[PDB]
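Data block below; observations after.
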Amino acid sequence: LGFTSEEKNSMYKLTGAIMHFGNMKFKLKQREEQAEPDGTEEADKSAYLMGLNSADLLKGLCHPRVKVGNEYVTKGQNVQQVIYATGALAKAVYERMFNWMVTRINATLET
Amino acid sequence: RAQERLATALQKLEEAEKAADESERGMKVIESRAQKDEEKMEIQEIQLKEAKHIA
Amino acid sequence: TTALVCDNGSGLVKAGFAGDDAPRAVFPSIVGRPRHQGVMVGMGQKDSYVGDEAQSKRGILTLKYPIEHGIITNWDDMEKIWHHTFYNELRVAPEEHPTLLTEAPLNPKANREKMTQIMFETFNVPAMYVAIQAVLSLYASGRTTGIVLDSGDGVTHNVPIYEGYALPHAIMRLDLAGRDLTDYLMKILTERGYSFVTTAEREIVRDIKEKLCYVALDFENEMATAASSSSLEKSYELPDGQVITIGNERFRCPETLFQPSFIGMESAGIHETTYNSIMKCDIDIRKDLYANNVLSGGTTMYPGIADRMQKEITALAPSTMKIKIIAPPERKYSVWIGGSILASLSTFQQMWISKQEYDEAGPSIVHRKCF
Ligand SMILES: Nc1ncnc2c1ncn2[C@@H]1O[C@H](COP(=O)(O)OP(=O)(O)O)[C@@H](O)[C@H]1O
């Protein structure tokens, strides 16, 4: 099909990253209701695959920032919330890659 | 006068980068101390729960 | 169709649409009017600025707040505030949107009645509803049980709730809040020679408070350390210069919440009214209430207030009980979050006050089962 070998390579690695999302581990904090990661190895490897920073992705999962008018304030998360977010992220990236693959297929077919 | 306040701006830049490197080194040592403190406080919170349970 | 969620409060209007994670329009609830002469012909200047526009022209206007302590005291100004919120910050036609409004517990009845009368006659909404702020804080907190302390800018209150049932006889309301903290900080800044008297300098003092003040864990030891060392001194740069140096009044200001005798009030601190609401509740729910003490509102945003309140409530309550204080980072907007959640609930769509109900029953329909 019309697409290169690097592109198949990226497809395979992206699917492997989706697979690496599942083993993440989060714990509640000391005397609070905030989620913090205890295991970091799968985080590091999933970031190295995805093309992001590991500390940065962990911070983006534990502490989302939302827009209130003209400012940004950090939102709090617990383990259930961060797990639901991880699952929704994986489902989203998979479905996105799928739709774009179909677009590539149609572009190859296009006359 | 331009070179005068220029030299003062440059010496301010020197001492300002001094203050900045002090800020960064201090925050490193203090985040290490912090993480140590939370390790200690969590282990002692669990030990407090153990103690009340034995009580 | 979508509902609007306008959380007025006393000093910060924040509005948006039901079903979002945050308000899209947050601005002060001030109405400024020019107080000087006006010389340039053809300048075509207006007569009253509202919202964030009035903050850029503080040096020319006299700033009014239309809401003193929860209560609305200037209905013309409030109508201007609402018009601005609907048409200039949000850009929506309020005749095609239900509107959810909030108010504090234990306010006058005419406040609420006149509010709905305005919203139906002037702005012509299809439906509307007024909600208690503490209940919405509890929605946004993800709980159904807990005692919520909602310190806004004009009013502080506790509202204990258990399994979704609110205990009205244990509701406490206190008229000490951020506005009184600002006035006290203006009064004690004069000990070092700074004087802020203008309504436009009140805003400078409010920004100082927000950026520099914090709650001390131990007030006497912090006073001693401020007297001895100089490691607490912090500087602030006014809109011009003459950087001001602030010492122990960094923490003497918000300590008024725990010692209301500082501003000559008779009542007790927020920790003690929280504990009193607890002991006012039943006995079978006090453990859950101790374990679900929820903070919200802007005046709960000082560094150290959660730890201080936990220390105090723990010293008050019995030793066998575990006290817990829930203080999310998005506390300032909790009432709005909860309002959005509630208005998006599909069960709620039968709770609106429709326009026909109002037309047939008068503004009295608001205290009725249509709450
Ligand atoms: N970071 C902060 N630290 C201390 N006080 C704050 C902070 N942010 C806001 N405030 C105070 O909170 C008040 C606004 O609270 P808000 O949630 O807007 O209540 P309302 O909406 O009822 O006016 C302001 O008077 C301000 O002084």
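We label chains A, B, ... in the order they appear in the structure tokens, count residues from 1 in each chain, and number ligands from 1 in the order shown.
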(request) List all protein, DNA and RNA residues that have an atom no more than 8 Å from any atom of ligand 1, counting only C-alpha atoms and all ligand atoms, and report them as a PyMOL selection string. (result) chain C and resi 7-14+28-29+70+151-155+177-179+181-182+206-207+209-214+296-303+332-333
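By chain and then residue number, the residues within 10 Å of stretch 40-54 of chain A are residues 10, 13, 14, 16, 17, 18, 19, 20, 21, 22, 23, 24, 25, 26, 37, 38, 56, 57, 58, 59 and 60 of chain A, counting only C-alpha atoms and disregarding those fewer than 2 positions away in sequence.
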Interface, chain B side, toward chain A (8 Å; only C-alpha atoms) as a PDB file with N, CA and C atoms, in the first residue's frame:
```
ATOM      1  N   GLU B  38       8.679  13.311  53.211  1.00  0.00           N
ATOM      2  CA  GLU B  38       7.426  12.601  52.965  1.00  0.00           C
ATOM      3  C   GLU B  38       7.601  11.099  53.105  1.00  0.00           C
ATOM      4  N   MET B  41       7.347  10.737  56.821  1.00  0.00           N
ATOM      5  CA  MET B  41       6.020  10.956  57.380  1.00  0.00           C
ATOM      6  C   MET B  41       5.048   9.852  56.979  1.00  0.00           C
ATOM      7  N   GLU B  42       5.182   9.279  55.779  1.00  0.00           N
ATOM      8  CA  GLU B  42       4.313   8.162  55.419  1.00  0.00           C
ATOM      9  C   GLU B  42       4.669   6.913  56.219  1.00  0.00           C
TER      10      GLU B  42
END
```
(message) Quick one: residues within 10 Å of residue A:64, only C-alpha atoms, excluding same-chain residues fewer than 3 positions away - as number ranges by chain?
(response) A: 59-61, 72-77, 82
Go ahead and save the picked residues with N, CA, C and O atoms, as a PDB file, in the first residue's frame.
```pdb
ATOM      1  N   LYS A  59       3.134  14.263  35.008  1.00  0.00           N
ATOM      2  CA  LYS A  59       2.563  15.490  35.543  1.00  0.00           C
ATOM      3  C   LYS A  59       1.249  15.828  34.854  1.00  0.00           C
ATOM      4  O   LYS A  59       0.307  16.290  35.502  1.00  0.00           O
ATOM      5  N   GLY A  60       1.162  15.589  33.547  1.00  0.00           N
ATOM      6  CA  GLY A  60      -0.076  15.853  32.839  1.00  0.00           C
ATOM      7  C   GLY A  60      -1.194  14.902  33.204  1.00  0.00           C
ATOM      8  O   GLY A  60      -2.369  15.222  33.023  1.00  0.00           O
ATOM      9  N   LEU A  61      -0.852  13.711  33.695  1.00  0.00           N
ATOM     10  CA  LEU A  61      -1.900  12.807  34.154  1.00  0.00           C
ATOM     11  C   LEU A  61      -2.311  13.094  35.590  1.00  0.00           C
ATOM     12  O   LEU A  61      -3.499  13.024  35.919  1.00  0.00           O
ATOM     13  N   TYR A  72      -5.266  29.724  34.025  1.00  0.00           N
ATOM     14  CA  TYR A  72      -5.243  28.272  34.136  1.00  0.00           C
ATOM     15  C   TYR A  72      -5.049  27.884  35.591  1.00  0.00           C
ATOM     16  O   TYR A  72      -4.123  28.371  36.244  1.00  0.00           O
ATOM     17  N   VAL A  73      -5.900  26.998  36.087  1.00  0.00           N
ATOM     18  CA  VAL A  73      -5.767  26.468  37.433  1.00  0.00           C
ATOM     19  C   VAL A  73      -5.689  24.952  37.348  1.00  0.00           C
ATOM     20  O   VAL A  73      -6.307  24.325  36.483  1.00  0.00           O
ATOM     21  N   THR A  74      -4.904  24.365  38.242  1.00  0.00           N
ATOM     22  CA  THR A  74      -4.671  22.931  38.225  1.00  0.00           C
ATOM     23  C   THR A  74      -5.802  22.171  38.902  1.00  0.00           C
ATOM     24  O   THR A  74      -6.237  22.519  39.999  1.00  0.00           O
ATOM     25  N   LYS A  75      -6.271  21.126  38.239  1.00  0.00           N
ATOM     26  CA  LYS A  75      -7.332  20.274  38.744  1.00  0.00           C
ATOM     27  C   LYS A  75      -6.738  19.076  39.478  1.00  0.00           C
ATOM     28  O   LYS A  75      -5.662  18.587  39.132  1.00  0.00           O
ATOM     29  N   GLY A  76      -7.436  18.618  40.511  1.00  0.00           N
ATOM     30  CA  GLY A  76      -6.988  17.473  41.277  1.00  0.00           C
ATOM     31  C   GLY A  76      -7.591  16.174  40.769  1.00  0.00           C
ATOM     32  O   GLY A  76      -8.681  16.153  40.216  1.00  0.00           O
ATOM     33  N   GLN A  77      -6.849  15.081  40.951  1.00  0.00           N
ATOM     34  CA  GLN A  77      -7.296  13.766  40.514  1.00  0.00           C
ATOM     35  C   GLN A  77      -6.948  12.733  41.570  1.00  0.00           C
ATOM     36  O   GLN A  77      -5.946  12.859  42.275  1.00  0.00           O
ATOM     37  N   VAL A  82      -7.741   9.183  37.413  1.00  0.00           N
ATOM     38  CA  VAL A  82      -6.604   9.086  36.509  1.00  0.00           C
ATOM     39  C   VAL A  82      -6.678   7.800  35.694  1.00  0.00           C
ATOM     40  O   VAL A  82      -6.270   7.777  34.527  1.00  0.00           O
TER      41      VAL A  82
END
```
(request) Write out as a ChimeraX atom specification the residues lying within 12 Å of stretch 271-282 of chain C, counting only C-alpha atoms and excluding same-chain residues fewer than 2 positions away. (result) /C:146-151,156-162,165-174,255-260,267-269,284-295,305-318,323,325
(message) Just checking: using only C-alpha atoms, which residue out of C:361, C:337, C:208, C:216 ends up closest to chain A?
(response) C:337
(request) Find the residues in chain C near chain B: any atom within 12 Å counts, using only C-alpha atoms. Write them as an NGL selection string. (result) :C and (319-320 or 322)
